[PDB]
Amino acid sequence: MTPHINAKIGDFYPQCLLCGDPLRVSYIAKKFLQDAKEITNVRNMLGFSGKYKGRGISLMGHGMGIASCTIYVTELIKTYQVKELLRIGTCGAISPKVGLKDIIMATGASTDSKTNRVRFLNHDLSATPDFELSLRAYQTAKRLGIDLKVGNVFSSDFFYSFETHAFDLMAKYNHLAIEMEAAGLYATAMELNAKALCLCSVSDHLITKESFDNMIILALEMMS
């Protein structure tokens, strides 16, 4: 076990969905999985294992911020042998190319964190997902009739930003939304030779100021 997860070794399936909110994790388990079982609950951060169309899938909460997400993903990969990690979170849109409830696939995750400079020789790590997973998401979305928005996200250490004047420039450079974990998810899976992908649903639009079941079904179907 670990300081942060109290599941037995082997309780996690090799494919795992991730959200920051452990209550969204619990919602998915109850609504979409058969024979769901809570397997961890340290710090109220819940994880579950269960079945979707007969196939095992795990769920795990990772909290908020790159440092929190990195703890849980590192342990899922190294201790619990998880191979495929699909984050399904929320984000604040900053681009006119997306609207409320749109699903974004993050093909790159920029950041204001120092974590990847520490990891990567003080240079610029382009934090990216596994390509096969990104291709799988695109094809799965197509057969579900979901319109996938695709681009970069900006993973910030700040929910309440001190650089809101720079949102336009981020959007100019194909950043569709801001969240707070993807660059850490991506860098950790790169570090540990695992397959990761971030999808986020737009819950706020930061420019225009304006029930993610479709993203959940997308994630479950691409793990089938």
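Quick note: we count residues from 1 along the sequence shown, nothing fancier. Between two forms, the rigid core is the largest collection of C-alphas that superpose within 1.5 Å.
Peer 1: Taking RMS over all structures and residues, which stretch has CA atoms farther from the shown form in 8 other deposited structures of this protein, 74-82 or 93-101, after a rigid core fit?
Peer 2: So, of the two stretches, the farther one in 8 other deposited structures of this protein is 93-101.
Peer 1: How many residues sit between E210 and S211 in the deposited sequence but have no coordinates: none, 1 to 3, 4 to 9, or 10 or more?
Peer 2: In the record, 4 to 9 residues between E210 and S211 lack coordinates.
Peer 1: Mind pulling up the entry and telling me whether 142-150 or 69-77 has the higher mean Cα temperature factor?
Peer 2: Taking the mean B-factor of the alpha carbons in each, 142-150 is higher.
Peer 1: Can you let me know which of the two, 122-130 or 88-96, has the higher average C-alpha B-factor in the entry?
Peer 2: According to the PDB entry, the answer is 88-96.
Peer 1: Compare the CA B factors listed in the entry for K195, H62, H175, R55 and report the winner.
Peer 2: Of the candidates given, the C-alpha B-factor peaks at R55.
Peer 1: Taking the values straight from the PDB record, which of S161, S155, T188, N41 has the highest C-alpha temperature factor?
Peer 2: Top of the list by C-alpha B-factor: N41.
Peer 1: Looking at the C-alpha B-factor of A29, is it in the lowest, middle or highest third of its chain?
Peer 2: Within its chain, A29 is a highest-third residue by C-alpha B-factor, going by the deposited values.
Peer 1: Would you mind ranking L46 by its C-alpha B-factor against the rest of the chain and naming the third, lowest, middle or highest?
Peer 2: Highest third - that is where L46 ends up once the chain's C-alpha B-factors are sorted.
Peer 1: Going by the entry, which third of its chain does the Cα temperature factor of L18 land in?
Peer 2: For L18, whose C-alpha B-factor we compare with every modelled residue in the chain, the answer is the lowest third.
Peer 1: Sort the modelled residues of this chain by their C-alpha B factor and say whether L169 lands in the lowest, middle or highest third.
Peer 2: For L169, the deposited C-alpha B-factor lands in the middle third.
Peer 1: Which third, lowest, middle or highest, does the CA B-factor of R117 fall in along this chain?
Peer 2: Lowest third.
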